[PDB]
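Have a look at the structure below before the remarks.
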Amino acid sequence: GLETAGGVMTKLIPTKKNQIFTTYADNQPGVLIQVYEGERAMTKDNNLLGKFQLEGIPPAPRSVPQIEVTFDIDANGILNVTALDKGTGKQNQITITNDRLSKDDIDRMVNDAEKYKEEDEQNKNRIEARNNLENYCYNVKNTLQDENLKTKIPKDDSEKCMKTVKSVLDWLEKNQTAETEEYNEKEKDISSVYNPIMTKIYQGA
Amino acid sequence: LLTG
């Protein structure tokens, strides 16, 4: 597989496969493809085989660009990874030759995955919480300032919520890595202010 | 999501 946002291992005999990915940040000019292989779910734990970066990505919002990464493996085992921009049609590729791990080193790696990947699943869940809140902050801010039509929301409630979101964004920058509960606590604290506004919008009948 |  390859590395996704938050150093996460996203897994992709003869077989060919593809997956669609987007940009982590707004007006991202390029995407770096990092190839990690191994039984353990974490990218960091797995050995990096090669890294290549696509460039010339058109400026666009965080989730808008569509990138297709196709991994082709034949009976020989030679890995051909190609990243293609759906919009532009611009692509980049690398080839990793099958010509050195030993049978017991592979079996040891597989055994390590069973024993340690249990703890990996917990780590993965913790990382996902970071991404979810990040996205939640962006979406709430966008909703409050998004629709010019959605100005109907009371000024007092909007001001109060905007400040809460702003405080969590600053907290997120300062605390690069935090506990799952801390992220959920922050999500819930924003959710506590925002949900009543939403109910009130649809409350009117 | 993919990083730069």
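Naming scheme: A, B, ... for chains in displayed order of the structure tokens; residues 1 onward per chain; ligands 1 onward as shown.
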Pull the strand (DSSP E or B) assignments for stretch 44-184 of chain A out of DSSP run on the backbone, and list those residues as a ChimeraX atom specification. /A:47-55,67-73,79-85,91-96
Next, the residues of the selection above should be written as a short mmCIF file (atom, residue, chain, number, x, y, z; two decimals), in the first residue's frame with C-alpha atoms.
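Saved as result.cif:
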```
data_model
loop_
_atom_site.label_atom_id
_atom_site.label_comp_id
_atom_site.auth_asym_id
_atom_site.auth_seq_id
_atom_site.Cartn_x
_atom_site.Cartn_y
_atom_site.Cartn_z
CA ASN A 47 9.87 -0.49 4.92
CA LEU A 48 9.73 2.26 2.39
CA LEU A 49 10.35 0.87 -1.12
CA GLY A 50 10.20 4.14 -3.01
CA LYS A 51 8.82 7.68 -3.09
CA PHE A 52 7.70 9.79 -5.98
CA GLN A 53 5.80 13.03 -6.11
CA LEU A 54 3.26 14.21 -8.68
CA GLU A 55 3.52 17.94 -9.50
CA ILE A 67 -6.19 11.12 -8.08
CA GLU A 68 -6.25 7.45 -9.18
CA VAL A 69 -3.25 5.28 -8.03
CA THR A 70 -3.03 1.95 -9.95
CA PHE A 71 -0.68 -0.79 -8.78
CA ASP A 72 0.15 -3.40 -11.31
CA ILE A 73 1.76 -6.76 -10.33
CA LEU A 79 5.48 -3.51 -8.86
CA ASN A 80 4.44 -0.66 -11.15
CA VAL A 81 2.74 2.21 -9.24
CA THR A 82 1.11 4.96 -11.34
CA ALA A 83 -0.61 8.08 -9.92
CA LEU A 84 -2.92 9.85 -12.38
CA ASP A 85 -4.78 13.16 -12.11
CA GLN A 91 0.54 11.18 -14.49
CA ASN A 92 3.70 9.94 -12.78
CA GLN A 93 4.98 6.41 -12.22
CA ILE A 94 7.72 4.33 -10.58
CA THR A 95 8.76 0.69 -11.01
CA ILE A 96 10.10 -1.49 -8.15
#
```
May I have the residues of chain A within 6 Å of chain B, counting only C-alpha atoms, written as an MDAnalysis selection string? chainID A and resid 4:5 21:24 30:32
Between atom CA of residue A:12 and atom CA of residue A:65 lies a distance of 19.7 Å
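For the pair atom CA of residue A:128 and atom CA of residue A:182, the interatomic distance is 12.9 Å.
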For the atom pair atom CA of residue A:7 and atom CA of residue A:34, what is the interatomic distance in Å to one decimal place? 9.9 Å
Need to verify the contact set: residue A:121, 10 Å, only C-alpha atoms, exclusion of same-chain residues closer than 6 positions in sequence. Can you return it as a PyMOL selection string? chain A and resi 40-42+127
Writer output for current selection, N, CA and C atoms, as a short mmCIF file (atom, residue, chain, number, x, y, z; two decimals), in the first residue's frame:
```cif
data_model
loop_
_atom_site.label_atom_id
_atom_site.label_comp_id
_atom_site.auth_asym_id
_atom_site.auth_seq_id
_atom_site.Cartn_x
_atom_site.Cartn_y
_atom_site.Cartn_z
N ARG A 40 2.27 -5.20 9.27
CA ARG A 40 1.85 -4.20 10.24
C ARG A 40 1.11 -3.11 9.51
N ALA A 41 -0.03 -2.69 10.08
CA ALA A 41 -0.89 -1.66 9.51
C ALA A 41 -0.23 -0.29 9.44
N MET A 42 0.75 0.01 10.30
CA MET A 42 1.39 1.32 10.28
C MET A 42 2.42 1.49 9.16
N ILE A 127 -5.81 7.97 15.25
CA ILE A 127 -5.39 8.87 14.15
C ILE A 127 -6.61 9.37 13.36
#
```
Hey, what's within 12 Å of residue A:106 if we count only C-alpha atoms and toss same-chain stuff fewer than 6 positions away? As a VMD selection string, please? chain A and resid 37 to 40 46 100 112 to 113
If you count only C-alpha atoms, which residues fall within 12 Å of residue A:165, apart from same-chain ones fewer than 5 positions away, as a list in words? residues 133, 134, 135, 136, 137, 138, 139, 140, 141, 142, 143, 144, 158, 159, 160, 170, 171, 172, 186, 187, 188, 189, 190, 191, 192, 193 and 194 of chain A
Among listed residues A:28, A:43, A:164, A:19, nearest residue A:62 (using only C-alpha atoms):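 Selected residue with least distance to residue A:62: A:28.
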